[PDB]
Structures are given as structure tokens and as C-alpha cells.
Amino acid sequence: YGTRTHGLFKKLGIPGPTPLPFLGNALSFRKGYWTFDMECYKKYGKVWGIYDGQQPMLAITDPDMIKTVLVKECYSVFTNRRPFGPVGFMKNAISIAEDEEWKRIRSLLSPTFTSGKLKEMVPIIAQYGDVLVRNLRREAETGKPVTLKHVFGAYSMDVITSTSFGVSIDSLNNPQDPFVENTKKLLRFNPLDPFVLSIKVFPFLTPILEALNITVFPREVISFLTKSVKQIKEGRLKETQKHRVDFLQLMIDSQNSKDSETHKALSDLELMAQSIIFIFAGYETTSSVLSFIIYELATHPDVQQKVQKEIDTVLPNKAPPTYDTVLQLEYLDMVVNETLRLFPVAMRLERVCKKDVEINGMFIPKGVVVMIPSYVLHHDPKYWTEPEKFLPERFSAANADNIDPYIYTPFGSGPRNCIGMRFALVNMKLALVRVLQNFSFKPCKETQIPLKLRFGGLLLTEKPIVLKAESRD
């Protein structure tokens, strides 16, 4: 079994590194997905193939092929992400459901993710900006370098947990709160657990374990959150009077009243899957991107200044940020967009080939995972002049046509792209405005001079990011 599918690419004429029995190329990943992909591209070129366990993955880099995979042949061939072992009911989570199941869950969640529903929700999020400034002021007034991830992670979990589960929390000033402890326990599951790496090697074990309700997610944590959420929904029915606008409230409203009577409404179970998956998807991505943004700003003090000026122009005298004012921070959007070009935390987009296909003159067999190396295409001199430089003007209104949405894909693209993109961008800007309104960041002795990535599911750093924050007056 261990060296079965390993002659697949060589029969297809596709270059790639030579796999090992059982593990495929998995070991060569431990240097970092961003590095491995880069190396393969310079060596094998336009297209290469690799093996993760027994799973063949065909990395492609032509935008025309990428566009075909992510948009046109999305519903028909390239609809699903890889499985990663025995889930349980989490099969209903939007990012794990497949095919039609997925197409319905996405359709049901789309109303809950409208921009107008996002604008309604911002004022509940603002309060967690109050807390970020507190947490940061306490660390900074000590004249002791700040660990970005300490406070931004606190902000990330604070927002995403609160709004997904309907309860306010403060993971830093109240970690005893069972929701903080339990959610942290949940967010410790990650695709690089040994149990997953072993299921990746022997995928045929999954059916059996799902026959035995042996799931890859924490059994007990999820039983807690589920009951804790149940009580919320019910203690929420009795208090008619109050109008909630968090993610929980919009998904309950969607349960009653069927718009688009094509689909049956969400069950209570499917609804838990969404709230849990929102956190997995929102927590660490946001925490990382905010950290990388502050870092870029610290090592580019003139950019930091332009951001601060625009903030002060659009929000005079530390005016509180709102949905409609965040929407005016044109230069801040460019800063964010440029930080995601250098630091696409996902690193890769992945899609499963449902059937034999030929796309843009290339045959792809059923069962292969088409992989788009977003990190590679983001740093490619072929599409980006001077690509390792932070230059937010790249994303100016004037260079809009110079930007291919199938090269730059920090939120993926197409029908299965990040459903929370707009939320993530608003939320990150609420944080950035509140922080930069009060503080400025500069390097310190500790700050790791050029930044160094580390192996992980997301883009992580070797050493944490330490900066000093100096109060503004």
C-alpha cells in the first residue's frame, strides 16, 4: 500500500520530488510549506506534483488554470477540500461539508454574512477594541517590549468566540471563564497532530473510526460548548425584548422563516458546526495577520505615519471607529493588502478533483488534490516588481488592473473562498485604528531583525514578535 500511487506523476510527465514509502514527501514539509513550495517551483518550474501520505497533490501556477479550478469547474470538479480524518457531526461545518451538503450550508450562511449584517454587528465588536487598548496600555507602560500575539490573540479569540457563541468574554482578564478555557482547549486541535498525520498516511482507517464515534475533535470540549450554547439560545427566547446581532443570533433567525425555500433550514446540530468552525477559521489567522501588520508598520515608520494621518483625518481626535469610517481608510486597506501578499497565512489553496478532467491542456485524474501555492505566486518576480519589499502603493487605485485575482489569493477565490473575508477585514481595521490612535510601534533590542518563519499549518514565526509601544502624548 505504501508505494502504490507513487508512480502517478511520472507516468503523467509531471516533475516532482521523489516520495518515500508511506510518508510521501511529508517530511520535506517540516522545513515549512512556504519554503518547500518555493524550492519545488524554481527547480521543477511551471507545474509539479507531490505526495502527502498516499495523496497526490498537483501544484499549479498558471492563473488560467487557477481560474478554471477555483471558479468555472468549482461546482463540477473542484468542489471539496481534503478530508482530515474522522470528524463527527462536524461534517456539517461549512468548510468540511462536501458537494451538495456544502452548497446548501454556504447558501444558508450567506445572509448571515452580508455587509449590511456586518455593519449592524460592528458596535458589539467595538467594545472589544476598548479591551485591546487596556491590555496594550498595561504591557506598554512598563517599558517592557510587547508580545503582539499576546494581545492580538486575546483580541482575536475575544471577538470570534463572543460573536459565534453569543457570550461576551475577556480571555486575558478573565481566563477562568469556562468558555475561555474550553475554547482554548478546542483551538489546540490542529491538522499537524500525530493522529492526523497517521490518518493522512492510512486514510482507509477513517470509515471505521467514524463507525465507532472516534472523532479528531475533542469529544468533551464540544459537549460542553454545545450545552453551554443550548442554555444561551433558551435563556435567549425568554428575553424577547433584546435584539442581538452576533453570529449566533443571525443563525437562529435563519432557522425560523425560510427565505429561498429551495433549502431546508439549519438544524441545531449543523448550527453548532458553524459556530465552532468560525472560531477555528477566525482565531489564528486574524491574530497572525494583525501581528504581521504591526510588524511591517514598525519597520516602516513612514508607512505607520501615513496610516496614522489618514486615521486622524477620517476620525478626528481619537473618534471611535465605525463600519462607515473603517470603509474610508483607503491607505489602510493597501497596508493590510500588502501585508497579506508577503504573509498569506494559509500558504496554499487546495481542491480535490472529483473526476478525470483536462483543463487548459492538461489531464488531471480523479482523486488528485489540485494545490495552488499562494505564497509562491505572491513572491514571484514574474508578477511583482521587487517582490520581497513592503510597498503598499502596489494596491493603489491606480495599480488595480495590475493585480490578478488568481495570483493574489490571500482569501482564496471563487465560490469556496473565505466567507468571513469582509468580517476579517473590518474586524482587523477596528483593532488597528484603536491601537494606532493611542500607540506607535518601533523595533527594540529583542525584536527579531529580519523576520523568520517557522513550520506550521499557518505561517508562524520562529521567535515571537516583540515591539515597544510608546503612547501618543
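Numbers for residues come from their place in the sequence shown, where the first is 1.
Between 234-242 and 267-275, the higher mean Cα B-factor belongs to 234-242. Of the two stretches examined, 355-363 and 336-344, the record assigns the greater average C-alpha temperature factor to 355-363.
Considering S288, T322, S374, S171 together, the PDB entry gives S171 the largest C-alpha B factor.
For the set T313, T226, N80, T163, the maximum C-alpha B-factor listed in the entry falls on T226. Looking at the C-alpha B-factors along this chain, the one for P207 belongs to the lowest third. In this PDB entry, the Cα temperature factor of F439 sits in the middle third of its chain's modelled residues. Among the modelled residues of the chain, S471 sits in the highest third by CA temperature factor in this PDB entry. In this PDB entry, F84 carries a Cα temperature factor that places it within the highest third of its chain's modelled residues. When the modelled residues of the chain are ordered by C-alpha B-factor, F189 sits in the highest third.
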